[PDB]
$ cat input.tsv   # TSV, C-alpha atoms and all ligand atoms
chain	number	residue	atom	x	y	z
Y	1	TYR	CA	0.60	-1.55	-2.93
Y	2	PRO	CA	0.90	-4.84	-4.75
Y	3	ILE	CA	-0.54	-3.14	-7.87
Y	4	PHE	CA	2.36	-0.62	-7.95
Y	5	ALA	CA	4.93	-3.40	-8.47
Y	6	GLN	CA	2.70	-5.33	-10.90
Y	7	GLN	CA	2.03	-2.28	-13.04
Y	8	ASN	CA	5.81	-1.32	-13.28
Y	9	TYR	CA	8.01	-4.40	-12.60
Y	10	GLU	CA	7.67	-7.40	-15.10
Y	11	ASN	CA	8.96	-9.97	-12.54
Y	12	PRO	CA	9.01	-8.88	-8.79
Y	13	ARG	CA	12.32	-10.69	-8.03
Y	14	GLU	CA	15.45	-8.55	-8.65
Y	15	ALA	CA	18.89	-9.95	-9.73
Y	16	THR	CA	20.30	-9.37	-6.22
Y	17	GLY	CA	17.33	-11.39	-4.87
Y	18	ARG	CA	15.52	-8.28	-3.62
Y	19	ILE	CA	11.70	-8.18	-3.93
Y	20	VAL	CA	10.55	-4.97	-5.80
Y	21	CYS	CA	8.40	-3.72	-2.84
Y	22	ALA	CA	11.69	-2.85	-1.03
Y	23	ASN	CA	12.10	0.03	-3.57
Y	24	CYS	CA	9.32	2.09	-1.93
Y	25	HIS	CA	8.78	0.03	1.32
Y	26	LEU	CA	12.20	0.96	2.90
Y	27	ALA	CA	11.80	-0.23	6.53
Y	28	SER	CA	12.98	-3.83	7.09
Y	29	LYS	CA	10.41	-5.96	9.25
Y	30	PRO	CA	10.56	-9.84	9.74
Y	31	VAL	CA	8.57	-12.15	7.40
Y	32	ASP	CA	7.93	-15.89	8.04
Y	33	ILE	CA	6.78	-18.76	5.80
Y	34	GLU	CA	5.66	-22.23	6.74
Y	35	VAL	CA	5.28	-24.77	3.90
Y	36	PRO	CA	5.13	-28.61	4.05
Y	37	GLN	CA	8.58	-30.32	3.73
Y	38	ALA	CA	7.34	-32.37	0.74
Y	39	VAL	CA	4.11	-32.69	-1.30
Y	40	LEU	CA	2.70	-35.25	-3.81
Y	41	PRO	CA	1.72	-34.47	-7.38
Y	42	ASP	CA	-1.75	-32.91	-8.00
Y	43	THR	CA	-2.30	-32.21	-4.28
Y	44	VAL	CA	-3.41	-29.04	-2.53
Y	45	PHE	CA	-1.12	-27.67	0.15
Y	46	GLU	CA	-1.04	-24.52	2.20
Y	47	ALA	CA	1.64	-21.88	2.19
Y	48	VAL	CA	1.37	-19.90	5.48
Y	49	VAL	CA	3.06	-16.46	5.45
Y	50	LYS	CA	3.42	-14.46	8.65
Y	51	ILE	CA	3.90	-10.68	8.59
Y	52	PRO	CA	4.26	-9.97	12.36
Y	53	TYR	CA	3.92	-6.57	13.98
Y	54	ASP	CA	3.15	-4.82	17.30
Y	55	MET	CA	-0.69	-4.43	17.23
Y	56	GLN	CA	-0.94	-1.13	19.25
Y	57	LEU	CA	1.07	0.50	16.42
Y	58	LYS	CA	-0.51	3.57	14.79
Y	59	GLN	CA	0.80	4.82	11.47
Y	60	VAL	CA	0.40	8.11	9.68
Y	61	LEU	CA	-2.58	7.77	7.28
Y	62	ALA	CA	-2.22	9.78	3.97
Y	63	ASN	CA	-4.40	12.57	5.51
Y	64	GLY	CA	-2.34	13.28	8.66
Y	65	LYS	CA	-4.61	11.18	10.94
Y	66	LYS	CA	-3.15	8.11	12.76
Y	67	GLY	CA	-4.51	4.63	11.92
Y	68	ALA	CA	-4.15	0.85	11.64
Y	69	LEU	CA	-1.81	-1.10	9.41
Y	70	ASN	CA	-2.55	-2.90	6.19
Y	71	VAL	CA	-0.75	-6.06	5.06
Y	72	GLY	CA	0.17	-7.27	1.55
Y	73	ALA	CA	2.20	-10.17	0.14
Y	74	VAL	CA	3.90	-11.51	-2.99
Y	75	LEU	CA	4.36	-15.30	-3.31
Y	76	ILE	CA	6.86	-16.54	-5.95
Y	77	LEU	CA	6.50	-20.30	-6.58
Y	78	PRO	CA	8.18	-22.46	-9.19
Y	79	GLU	CA	6.74	-22.83	-12.70
Y	80	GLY	CA	3.88	-25.38	-12.70
Y	81	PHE	CA	2.63	-24.48	-9.19
Y	82	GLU	CA	-0.54	-22.34	-9.22
Y	83	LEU	CA	-3.48	-21.17	-7.06
Y	84	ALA	CA	-5.66	-24.18	-6.11
Y	85	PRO	CA	-9.11	-24.06	-7.84
Y	86	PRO	CA	-12.16	-23.57	-5.59
Y	87	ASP	CA	-13.46	-27.15	-6.13
Y	88	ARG	CA	-10.20	-28.58	-4.74
Y	89	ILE	CA	-10.39	-26.25	-1.71
Y	90	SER	CA	-11.65	-28.13	1.40
Y	91	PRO	CA	-14.12	-26.33	3.70
Y	92	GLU	CA	-11.70	-26.64	6.65
Y	93	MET	CA	-9.26	-24.47	4.64
Y	94	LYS	CA	-12.06	-22.35	3.10
Y	95	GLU	CA	-12.71	-20.68	6.48
Y	96	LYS	CA	-8.96	-20.47	6.94
Y	97	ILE	CA	-8.46	-18.34	3.78
Y	98	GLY	CA	-11.23	-16.01	5.06
Y	99	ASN	CA	-12.42	-14.32	1.83
Y	100	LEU	CA	-9.24	-13.01	0.25
Y	101	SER	CA	-8.75	-12.69	-3.43
Y	102	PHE	CA	-5.38	-13.91	-4.56
Y	103	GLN	CA	-4.44	-12.37	-7.87
Y	104	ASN	CA	-1.82	-13.46	-10.34
Y	105	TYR	CA	1.11	-10.94	-10.64
Y	106	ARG	CA	0.57	-10.87	-14.52
Y	107	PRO	CA	-2.04	-13.13	-16.37
Y	108	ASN	CA	0.82	-15.28	-17.83
Y	109	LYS	CA	2.60	-15.56	-14.51
Y	110	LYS	CA	0.22	-18.04	-12.78
Y	111	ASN	CA	3.14	-18.96	-10.41
Y	112	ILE	CA	3.37	-15.46	-8.88
Y	113	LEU	CA	0.50	-14.60	-6.48
Y	114	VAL	CA	-0.27	-11.26	-4.85
Y	115	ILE	CA	-2.75	-10.33	-2.11
Y	116	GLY	CA	-3.31	-6.99	-0.28
Y	117	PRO	CA	-3.97	-4.45	0.90
Y	118	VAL	CA	-5.83	-6.54	3.55
Y	119	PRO	CA	-6.57	-5.54	7.20
Y	120	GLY	CA	-3.57	-6.07	9.55
Y	121	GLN	CA	-5.39	-7.20	12.75
Y	122	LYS	CA	-7.19	-9.76	10.63
Y	123	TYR	CA	-4.60	-11.14	8.14
Y	124	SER	CA	-1.22	-11.05	9.93
Y	125	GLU	CA	-1.07	-14.69	8.90
Y	126	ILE	CA	-2.20	-15.52	5.35
Y	127	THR	CA	-2.83	-18.95	3.92
Y	128	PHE	CA	-2.32	-19.37	0.22
Y	129	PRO	CA	-3.83	-22.61	-1.19
Y	130	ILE	CA	-1.40	-23.93	-3.83
Y	131	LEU	CA	-1.85	-26.88	-6.15
Y	132	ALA	CA	1.31	-28.96	-6.75
Y	133	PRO	CA	1.90	-29.93	-10.37
Y	134	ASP	CA	2.12	-33.43	-11.86
Y	135	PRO	CA	5.26	-34.48	-13.74
Y	136	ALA	CA	3.52	-37.15	-15.89
Y	137	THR	CA	1.26	-34.22	-16.86
Y	138	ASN	CA	3.94	-31.49	-17.47
Y	139	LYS	CA	7.38	-32.45	-19.04
Y	140	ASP	CA	9.15	-29.37	-17.46
Y	141	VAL	CA	8.17	-30.17	-13.87
Y	142	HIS	CA	10.06	-32.89	-12.11
Y	143	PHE	CA	10.39	-34.46	-8.74
Y	144	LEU	CA	12.97	-32.29	-7.08
Y	145	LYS	CA	13.60	-29.60	-4.49
Y	146	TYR	CA	12.22	-26.18	-5.52
Y	147	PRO	CA	12.63	-22.70	-4.05
Y	148	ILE	CA	9.71	-20.60	-2.77
Y	149	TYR	CA	10.15	-16.81	-2.20
Y	150	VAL	CA	7.85	-14.50	-0.30
Y	151	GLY	CA	7.74	-10.78	0.27
Y	152	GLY	CA	5.58	-9.43	3.17
Y	153	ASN	CA	4.71	-5.79	3.93
Y	154	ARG	CA	2.75	-4.01	6.58
Y	155	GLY	CA	2.40	-0.23	6.61
Y	156	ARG	CA	2.27	2.68	4.13
Y	157	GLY	CA	5.23	3.06	1.72
Y	158	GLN	CA	7.54	6.10	1.63
Y	159	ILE	CA	8.02	6.48	-2.16
Y	160	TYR	CA	5.22	6.79	-4.86
Y	161	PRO	CA	5.44	5.46	-8.48
Y	162	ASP	CA	6.60	8.87	-9.75
Y	163	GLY	CA	9.44	9.21	-7.16
Y	164	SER	CA	7.49	11.48	-4.84
Y	165	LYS	CA	7.82	10.86	-1.17
Y	166	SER	CA	4.70	10.32	0.87
Y	167	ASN	CA	4.04	11.79	4.33
Y	168	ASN	CA	5.20	8.43	5.88
Y	169	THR	CA	8.91	9.27	5.77
Y	170	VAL	CA	11.47	11.68	7.16
Y	171	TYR	CA	11.61	15.20	5.76
Y	172	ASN	CA	15.22	16.41	5.22
Y	173	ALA	CA	16.46	20.02	4.87
Y	174	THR	CA	17.13	20.93	1.25
Y	175	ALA	CA	19.91	23.27	2.37
Y	176	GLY	CA	22.13	23.96	5.35
Y	177	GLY	CA	22.01	27.27	7.27
Y	178	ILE	CA	19.97	28.71	10.13
Y	179	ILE	CA	16.19	28.41	10.39
Y	180	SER	CA	14.88	31.98	10.21
Y	181	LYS	CA	11.16	31.18	10.60
Y	182	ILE	CA	8.76	28.25	11.17
Y	183	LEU	CA	5.22	28.90	9.85
Y	184	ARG	CA	2.79	26.52	11.63
Y	185	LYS	CA	0.04	25.78	8.97
Y	186	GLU	CA	-3.65	26.47	9.72
Y	187	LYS	CA	-4.90	22.98	8.69
Y	188	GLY	CA	-1.61	21.27	9.72
Y	189	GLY	CA	1.86	21.18	8.18
Y	190	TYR	CA	4.71	23.63	8.26
Y	191	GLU	CA	6.66	26.04	6.15
Y	192	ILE	CA	10.35	26.24	7.24
Y	193	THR	CA	12.52	29.19	6.08
Y	194	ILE	CA	16.23	28.43	5.83
Y	195	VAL	CA	18.78	31.15	5.50
Y	196	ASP	CA	21.73	29.53	3.77
Y	197	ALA	CA	24.12	32.30	4.92
Y	198	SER	CA	26.93	30.35	3.16
Y	199	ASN	CA	25.43	30.73	-0.34
Y	200	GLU	CA	23.41	33.88	0.48
Y	201	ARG	CA	20.25	32.01	-0.50
Y	202	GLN	CA	16.91	31.56	1.23
Y	203	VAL	CA	14.98	28.28	0.80
Y	204	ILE	CA	11.47	27.24	1.95
Y	205	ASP	CA	11.10	23.59	3.09
Y	206	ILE	CA	7.43	22.42	3.18
Y	207	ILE	CA	6.47	19.73	5.77
Y	208	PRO	CA	3.24	17.71	5.53
Y	209	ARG	CA	0.68	17.09	8.29
Y	210	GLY	CA	1.06	14.03	10.63
Y	211	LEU	CA	4.74	14.87	11.19
Y	212	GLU	CA	6.36	16.60	14.15
Y	213	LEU	CA	9.57	18.51	13.53
Y	214	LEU	CA	12.54	18.33	15.83
Y	215	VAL	CA	13.79	21.80	14.77
Y	216	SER	CA	13.49	25.24	16.39
Y	217	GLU	CA	13.78	28.75	14.97
Y	218	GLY	CA	17.39	30.05	15.15
Y	219	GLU	CA	18.78	26.51	14.89
Y	220	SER	CA	21.67	25.64	12.59
Y	221	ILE	CA	20.72	22.84	10.22
Y	222	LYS	CA	23.05	21.06	7.77
Y	223	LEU	CA	22.02	19.89	4.26
Y	224	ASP	CA	20.07	16.58	4.45
Y	225	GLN	CA	19.60	17.08	8.21
Y	226	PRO	CA	16.40	15.44	9.39
Y	227	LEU	CA	13.73	18.11	9.92
Y	228	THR	CA	11.07	15.91	11.63
Y	229	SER	CA	10.98	12.48	13.25
Y	230	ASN	CA	10.49	9.40	11.09
Y	231	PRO	CA	6.81	8.38	11.52
Y	232	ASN	CA	7.24	4.96	9.77
Y	233	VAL	CA	6.16	2.09	12.02
Y	234	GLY	CA	5.83	-0.58	9.28
Y	235	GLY	CA	8.31	-2.54	7.16
Y	236	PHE	CA	8.98	-5.01	4.37
Y	237	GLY	CA	10.53	-8.42	4.91
Y	238	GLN	CA	11.67	-11.28	2.63
Y	239	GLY	CA	11.58	-15.07	3.27
Y	240	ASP	CA	12.54	-18.35	1.57
Y	241	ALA	CA	11.50	-21.95	1.70
Y	242	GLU	CA	12.29	-25.14	-0.14
Y	243	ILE	CA	9.63	-27.72	-1.07
Y	244	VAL	CA	10.13	-31.27	-2.19
Y	245	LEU	CA	7.88	-32.38	-5.08
Y	246	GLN	CA	7.83	-36.09	-4.14
Y	247	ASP	CA	7.38	-39.14	-6.33
Y	248	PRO	CA	4.46	-41.24	-4.98
Y	249	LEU	CA	6.72	-44.27	-5.00
Y	250	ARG	CA	10.35	-44.42	-3.79
V	1	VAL	CA	-21.66	12.85	-10.13
V	2	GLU	CA	-21.36	9.06	-9.55
V	3	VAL	CA	-17.60	8.49	-9.10
V	4	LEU	CA	-16.35	4.88	-9.06
V	5	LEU	CA	-12.76	4.53	-7.76
V	6	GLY	CA	-10.81	1.75	-9.52
V	7	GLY	CA	-11.67	0.55	-13.05
V	8	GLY	CA	-12.63	-3.11	-13.57
V	9	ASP	CA	-9.20	-4.77	-13.20
V	10	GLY	CA	-6.74	-2.36	-11.53
V	11	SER	CA	-7.19	1.24	-12.75
V	12	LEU	CA	-6.58	3.57	-9.77
V	13	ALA	CA	-8.33	6.75	-10.99
V	14	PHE	CA	-11.49	8.73	-10.11
V	15	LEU	CA	-14.15	8.03	-12.77
V	16	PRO	CA	-15.02	10.60	-13.46
V	17	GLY	CA	-12.21	12.65	-11.85
V	18	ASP	CA	-13.99	16.01	-12.35
V	19	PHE	CA	-17.75	16.70	-12.25
V	20	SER	CA	-20.01	19.74	-11.67
V	21	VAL	CA	-22.81	19.83	-9.06
V	22	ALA	CA	-24.87	22.44	-7.15
V	23	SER	CA	-26.02	23.17	-3.57
V	24	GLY	CA	-28.37	20.26	-2.75
V	25	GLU	CA	-26.77	17.48	-4.84
V	26	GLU	CA	-24.88	14.52	-3.32
V	27	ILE	CA	-21.42	13.22	-4.31
V	28	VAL	CA	-20.56	9.48	-4.17
V	29	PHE	CA	-17.22	7.61	-4.16
V	30	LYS	CA	-17.79	3.85	-4.68
V	31	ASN	CA	-14.51	1.89	-4.56
V	32	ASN	CA	-14.35	-1.26	-6.73
V	33	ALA	CA	-10.73	-2.51	-6.97
V	34	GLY	CA	-7.44	-1.10	-5.63
V	35	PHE	CA	-8.84	-0.33	-2.15
V	36	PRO	CA	-8.72	1.35	0.08
V	37	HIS	CA	-9.91	4.45	-1.83
V	38	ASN	CA	-10.89	6.77	1.06
V	39	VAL	CA	-10.85	10.40	-0.17
V	40	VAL	CA	-10.07	13.45	2.00
V	41	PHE	CA	-10.76	17.11	1.07
V	42	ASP	CA	-7.67	19.31	1.58
V	43	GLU	CA	-7.74	22.95	2.77
V	44	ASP	CA	-5.54	24.26	-0.08
V	45	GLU	CA	-8.08	24.55	-2.92
V	46	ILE	CA	-11.26	25.20	-0.88
V	47	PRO	CA	-13.32	28.32	-1.64
V	48	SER	CA	-15.00	29.02	1.73
V	49	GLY	CA	-13.47	28.34	5.18
V	50	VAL	CA	-15.10	25.35	6.96
V	51	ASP	CA	-12.94	22.54	8.41
V	52	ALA	CA	-11.41	19.82	6.20
V	53	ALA	CA	-12.38	17.06	8.68
V	54	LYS	CA	-16.05	18.01	8.09
V	55	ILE	CA	-15.88	17.06	4.38
V	56	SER	CA	-12.98	14.57	4.65
V	57	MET	CA	-12.85	10.99	6.00
V	58	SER	CA	-11.42	9.88	9.38
V	59	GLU	CA	-8.89	7.12	10.19
V	60	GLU	CA	-11.51	4.63	11.46
V	61	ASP	CA	-13.83	5.11	8.45
V	62	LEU	CA	-11.76	3.73	5.55
V	63	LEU	CA	-13.09	2.38	2.22
V	64	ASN	CA	-11.22	-0.96	2.07
V	65	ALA	CA	-14.24	-3.13	1.12
V	66	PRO	CA	-15.53	-3.34	-2.46
V	67	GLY	CA	-18.98	-1.76	-1.96
V	68	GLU	CA	-18.56	1.02	0.64
V	69	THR	CA	-19.13	4.57	-0.67
V	70	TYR	CA	-18.21	8.03	0.69
V	71	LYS	CA	-20.96	10.63	0.12
V	72	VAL	CA	-20.21	14.32	0.81
V	73	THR	CA	-23.12	16.81	0.96
V	74	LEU	CA	-21.63	20.16	-0.15
V	75	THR	CA	-23.70	23.39	-0.11
V	76	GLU	CA	-21.08	26.15	-0.57
V	77	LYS	CA	-20.47	27.33	-4.16
V	78	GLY	CA	-16.87	26.92	-5.39
V	79	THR	CA	-14.33	24.33	-6.62
V	80	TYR	CA	-13.10	21.79	-4.03
V	81	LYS	CA	-10.25	19.28	-4.49
V	82	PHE	CA	-10.38	15.81	-2.89
V	83	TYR	CA	-7.82	13.04	-3.50
V	84	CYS	CA	-7.32	9.33	-2.70
V	85	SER	CA	-5.45	9.36	0.64
V	86	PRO	CA	-3.95	5.91	-0.05
V	87	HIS	CA	-2.93	7.20	-3.53
V	88	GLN	CA	-2.30	10.98	-3.52
V	89	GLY	CA	1.08	10.72	-5.30
V	90	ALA	CA	-0.27	7.88	-7.50
V	91	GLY	CA	-2.40	10.04	-9.84
V	92	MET	CA	-6.04	9.29	-8.91
V	93	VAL	CA	-7.67	12.55	-7.70
V	94	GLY	CA	-10.98	14.37	-8.33
V	95	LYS	CA	-12.55	17.80	-7.63
V	96	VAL	CA	-16.10	18.96	-6.77
V	97	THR	CA	-17.09	21.90	-9.02
V	98	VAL	CA	-20.23	22.94	-7.09
V	99	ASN	CA	-21.80	26.27	-8.14
S	1	LIG	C1	6.52	2.09	-5.02
S	1	LIG	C2	6.20	2.19	-6.43
S	1	LIG	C3	5.90	0.96	-4.40
S	1	LIG	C4	5.96	-0.36	-4.75
S	1	LIG	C5	6.75	-0.99	-5.91
S	1	LIG	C6	5.11	-1.09	-3.81
S	1	LIG	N1	4.48	-0.26	-2.89
S	1	LIG	FE1	3.18	-0.72	-1.49
S	1	LIG	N2	2.87	1.18	-1.13
S	1	LIG	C7	3.58	2.26	-1.61
S	1	LIG	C8	3.10	3.51	-1.09
S	1	LIG	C9	3.67	4.91	-1.29
S	1	LIG	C10	2.04	3.20	-0.32
S	1	LIG	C11	1.22	4.19	0.47
S	1	LIG	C12	0.01	4.67	-0.26
S	1	LIG	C13	-0.72	5.64	0.63
S	1	LIG	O1	-0.72	6.83	0.37
S	1	LIG	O2	-1.24	5.24	1.65
S	1	LIG	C14	1.92	1.76	-0.32
S	1	LIG	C15	1.05	1.03	0.48
S	1	LIG	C16	1.02	-0.36	0.57
S	1	LIG	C17	0.16	-1.11	1.44
S	1	LIG	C18	-0.95	-0.54	2.32
S	1	LIG	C19	-0.37	0.01	3.63
S	1	LIG	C20	-1.39	0.50	4.65
S	1	LIG	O3	-2.46	0.97	4.28
S	1	LIG	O4	-1.11	0.40	5.84
S	1	LIG	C21	0.52	-2.38	1.32
S	1	LIG	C22	-0.10	-3.54	2.06
S	1	LIG	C23	1.58	-2.44	0.34
S	1	LIG	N3	1.87	-1.19	-0.14
S	1	LIG	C24	2.23	-3.60	-0.07
S	1	LIG	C25	3.16	-3.70	-1.09
S	1	LIG	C26	3.73	-4.96	-1.62
S	1	LIG	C27	3.61	-6.35	-0.99
S	1	LIG	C28	4.45	-4.61	-2.69
S	1	LIG	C29	5.26	-5.40	-3.51
S	1	LIG	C30	4.47	-6.25	-4.41
S	1	LIG	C31	4.35	-3.18	-2.82
S	1	LIG	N4	3.57	-2.61	-1.83
S	1	LIG	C32	5.03	-2.46	-3.77
S	1	LIG	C33	4.55	2.16	-2.59
S	1	LIG	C34	4.96	0.99	-3.23
S	2	CU	CU	-6.29	4.36	-4.00
$ encode --input "input.tsv" --output "structure tokens"
Amino acid sequence: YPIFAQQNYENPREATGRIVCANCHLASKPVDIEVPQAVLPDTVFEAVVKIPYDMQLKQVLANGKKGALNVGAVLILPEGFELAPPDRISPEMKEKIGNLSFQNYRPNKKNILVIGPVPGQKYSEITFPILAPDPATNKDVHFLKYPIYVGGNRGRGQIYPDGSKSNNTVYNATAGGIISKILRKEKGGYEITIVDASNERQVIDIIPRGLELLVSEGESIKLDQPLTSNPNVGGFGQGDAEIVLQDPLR
Amino acid sequence: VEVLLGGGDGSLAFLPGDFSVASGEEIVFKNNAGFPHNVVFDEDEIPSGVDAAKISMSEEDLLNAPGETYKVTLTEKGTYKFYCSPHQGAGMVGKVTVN
């Protein structure tokens, strides 16, 4: 969720240029961003981010049931650029933004905006209303080309903040050997018994509900071998744009 | 017994995350911020049998809006254990101590 990165990453952009959501959102899915080629000082513009996905897609909800996808986003603009105030928001763009709440990543980072989790079938395309700065009003902003970075996600993540995997990822065998027994759980889930005949050790691999295993009793499994299919149908994508803060003259 | 998921800025945690009720009371789970906060009772810490889908939420009924609440009418006496589906490994979980 966007709050997981805000609560534990100071700035969401890594040194390799990777957005922090890719640490738990491990599937890669395309992200798009449309921004105006150039904007004037003190003007409102729209940043349109597209997080595209196949709509008949059903993911594994955290309770084993199958459900719809949720979308989230992280917009990184240059210093000076911020979320346009409601009085500067035209009514033609007010219905465009629906009723989303854009939050700042941290209270002092007014140039980093986050939104989500929002409904997928509704906000596959999000419009962020940004206000361009004025140079004669801020001595650090200047007329020039500036970078804009966006991160877009759709779907449940695979890793939690403590390092625990969720049920939206592959379950791998903690040890090689032969499967001696597969206990189908009453309310869903499985208990897999592995006889590591090589180390004379028995291990019990627990599989959560919502996942189907591709393993049978009496089968030889290797360490790290995938025990069930990967039920992840979502992904995280990264995009980039350049904007021209233009002088009103020439 | 009034549990409000999410604090007032971004605190993902059941408040309270542990209360005591009896047969006839009603539990509530109002989500404020950090949605969705749909809770689902698991069949690992339940006292009586009963199905988990009877006291848990479905995939179509999710608490993603700031105002929806999930009420569960429990009558059996024992200690249940529900948790935020969209945040089970996060750390926000509660339990119904009905007796
Ligand atoms: C690991 C600490 C994570 C970071 C950093 C981010 N996300 Fe995440 N996200 C993570 C998990 C394990 C989950 C699933 C929670 C559950 O049990 O359901 C999520 C979920 C989301 C969602 C909702 C998905 C859905 O319901 O379909 C969204 C939209 C989302 N995350 C977006 C997102 C963004 C944009 C992030 C970077 C700012 C981000 N997440 C970071 C784990 C982690
Ligand atoms: Cu939650």
$ residues_around --input "input.tsv" --residues "region 67-81 of chain V" --least-positions-apart "4" --cutoff "8 Å" --atoms "only C-alpha atoms" --output "PyMOL selection string"
chain V and resi 22-32+38-39+41-42+45-48+55+63+93-99
$ closest_atom_pairs --input "input.tsv" --of "chain V" --to "chain Y" --cutoff "6 Å" --atoms "only C-alpha atoms" --output "Markdown table"
| residue | atom | partner | partner_atom | distance |
| --- | --- | --- | --- | --- |
| V:59 | CA | Y:67 | CA | 5.3 |
| V:85 | CA | Y:62 | CA | 4.7 |
| V:86 | CA | Y:62 | CA | 5.8 |
| V:89 | CA | Y:160 | CA | 5.7 |
$ atom_distance --input "input.tsv" --atom1 "CA of residue 152 (chain Y)" --atom2 "CA of residue 237 (chain Y)"
5.3 Å
$ atom_distance --input "input.tsv" --atom1 "CA of residue 71 (chain Y)" --atom2 "CA of residue 147 (chain Y)"
23.2 Å
$ residues_near_ligand --input "input.tsv" --ligand "ligand CU 2 (chain S)" --cutoff "6 Å" --atoms "all atoms listed in the file" --output "ChimeraX atom specification"
/V:12,34-37,84,86-87
$ atom_distance --input "input.tsv" --atom1 "CA of residue 74 (chain Y)" --atom2 "CA of residue 241 (chain Y)"
13.7 Å
$ closest_residue --input "input.tsv" --among "Y:59, Y:199, Y:246, Y:238" --to "residue 133 (chain Y)" --atoms "all atoms listed in the file"
Y:246
$ residues_around --input "input.tsv" --residues "region 173-177 of chain Y" --least-positions-apart "3" --cutoff "8 Å" --atoms "only C-alpha atoms" --output "PyMOL selection string"
chain Y and resi 194-198+203+205+220-227
$ axis_aligned_box --input "input.tsv" --around "ligand LIG 1 (chain S)" --padding-each-side "6 Å" --output "lines of an AutoDock Vina configuration file"
center_x = 2.1
center_y = 0.2
center_z = -0.3
size_x = 21.2
size_y = 25.2
size_z = 24.3
$ residues_around --input "input.tsv" --residues "region 99-108 of chain Y" --least-positions-apart "2" --cutoff "10 Å" --atoms "all atoms listed in the file" --output "JSON, numbers by chain"
{"Y": [2, 3, 5, 6, 7, 9, 10, 11, 12, 73, 74, 75, 76, 82, 83, 94, 95, 96, 97, 110, 111, 112, 113, 114, 115, 116, 118, 123, 126, 127, 128, 129]}
$ closest_residue --input "input.tsv" --among "V:53, V:40, V:21, V:5" --to "ligand LIG 1 (chain S)" --atoms "only C-alpha atoms and all ligand atoms"
V:40
$ closest_residue --input "input.tsv" --among "Y:48, Y:53, Y:140, Y:212" --to "ligand LIG 1 (chain S)" --atoms "only C-alpha atoms and all ligand atoms"
Y:53
$ residues_around --input "input.tsv" --residues "residue 235 (chain Y)" --least-positions-apart "4" --cutoff "9 Å" --atoms "all atoms listed in the file" --output "ChimeraX atom specification"
/Y:22,25-30,152-157
$ residues_around --input "input.tsv" --residues "residue 36 (chain Y)" --least-positions-apart "6" --cutoff "8 Å" --atoms "all atoms listed in the file" --output "compact mmCIF listing (two decimals) with C-alpha atoms, in the coordinates of the input"
# COMPACT_ATOMS: atom_id res chain seq x y z
CA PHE Y 45 -1.12 -27.67 0.15
CA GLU Y 46 -1.04 -24.52 2.20
CA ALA Y 47 1.64 -21.88 2.19
CA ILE Y 243 9.63 -27.72 -1.07
$ closest_residue --input "input.tsv" --among "V:82, V:10, V:52, V:64" --to "ligand LIG 1 (chain S)" --atoms "all atoms listed in the file"
V:64
$ closest_residue --input "input.tsv" --among "Y:49, Y:136, Y:244, Y:207" --to "ligand LIG 1 (chain S)" --atoms "only C-alpha atoms and all ligand atoms"
Y:49
$ build_atoms --input "input.tsv" --residues "region 32-43 of chain Y" --atoms "N, CA and C atoms" --output "PDB file, in the coordinates of the input"
ATOM      1  N   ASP Y  32       7.742 -14.422   7.789  1.00  0.00           N
ATOM      2  CA  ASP Y  32       7.930 -15.890   8.040  1.00  0.00           C
ATOM      3  C   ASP Y  32       7.108 -16.732   7.045  1.00  0.00           C
ATOM      4  N   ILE Y  33       7.536 -17.930   6.767  1.00  0.00           N
ATOM      5  CA  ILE Y  33       6.780 -18.760   5.800  1.00  0.00           C
ATOM      6  C   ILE Y  33       6.825 -20.233   6.215  1.00  0.00           C
ATOM      7  N   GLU Y  34       5.695 -20.809   6.398  1.00  0.00           N
ATOM      8  CA  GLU Y  34       5.660 -22.230   6.740  1.00  0.00           C
ATOM      9  C   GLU Y  34       5.082 -22.965   5.551  1.00  0.00           C
ATOM     10  N   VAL Y  35       5.783 -23.953   5.056  1.00  0.00           N
ATOM     11  CA  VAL Y  35       5.280 -24.770   3.900  1.00  0.00           C
ATOM     12  C   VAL Y  35       5.586 -26.235   4.248  1.00  0.00           C
ATOM     13  N   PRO Y  36       4.879 -27.187   3.702  1.00  0.00           N
ATOM     14  CA  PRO Y  36       5.130 -28.610   4.050  1.00  0.00           C
ATOM     15  C   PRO Y  36       6.511 -29.020   3.551  1.00  0.00           C
ATOM     16  N   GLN Y  37       7.196 -29.930   4.202  1.00  0.00           N
ATOM     17  CA  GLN Y  37       8.580 -30.320   3.730  1.00  0.00           C
ATOM     18  C   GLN Y  37       8.529 -30.953   2.321  1.00  0.00           C
ATOM     19  N   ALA Y  38       7.487 -31.706   2.061  1.00  0.00           N
ATOM     20  CA  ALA Y  38       7.340 -32.370   0.740  1.00  0.00           C
ATOM     21  C   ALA Y  38       5.848 -32.518   0.399  1.00  0.00           C
ATOM     22  N   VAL Y  39       5.531 -32.545  -0.871  1.00  0.00           N
ATOM     23  CA  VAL Y  39       4.110 -32.690  -1.300  1.00  0.00           C
ATOM     24  C   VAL Y  39       4.031 -33.658  -2.482  1.00  0.00           C
ATOM     25  N   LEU Y  40       2.884 -34.285  -2.673  1.00  0.00           N
ATOM     26  CA  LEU Y  40       2.700 -35.250  -3.810  1.00  0.00           C
ATOM     27  C   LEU Y  40       2.166 -34.497  -5.040  1.00  0.00           C
ATOM     28  N   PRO Y  41       2.178 -35.123  -6.166  1.00  0.00           N
ATOM     29  CA  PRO Y  41       1.720 -34.470  -7.380  1.00  0.00           C
ATOM     30  C   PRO Y  41       0.209 -34.260  -7.316  1.00  0.00           C
ATOM     31  N   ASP Y  42      -0.269 -33.203  -7.944  1.00  0.00           N
ATOM     32  CA  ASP Y  42      -1.750 -32.910  -8.000  1.00  0.00           C
ATOM     33  C   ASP Y  42      -2.384 -32.848  -6.603  1.00  0.00           C
ATOM     34  N   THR Y  43      -1.713 -32.278  -5.645  1.00  0.00           N
ATOM     35  CA  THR Y  43      -2.300 -32.210  -4.280  1.00  0.00           C
ATOM     36  C   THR Y  43      -2.373 -30.752  -3.825  1.00  0.00           C
TER      37      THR Y  43
END
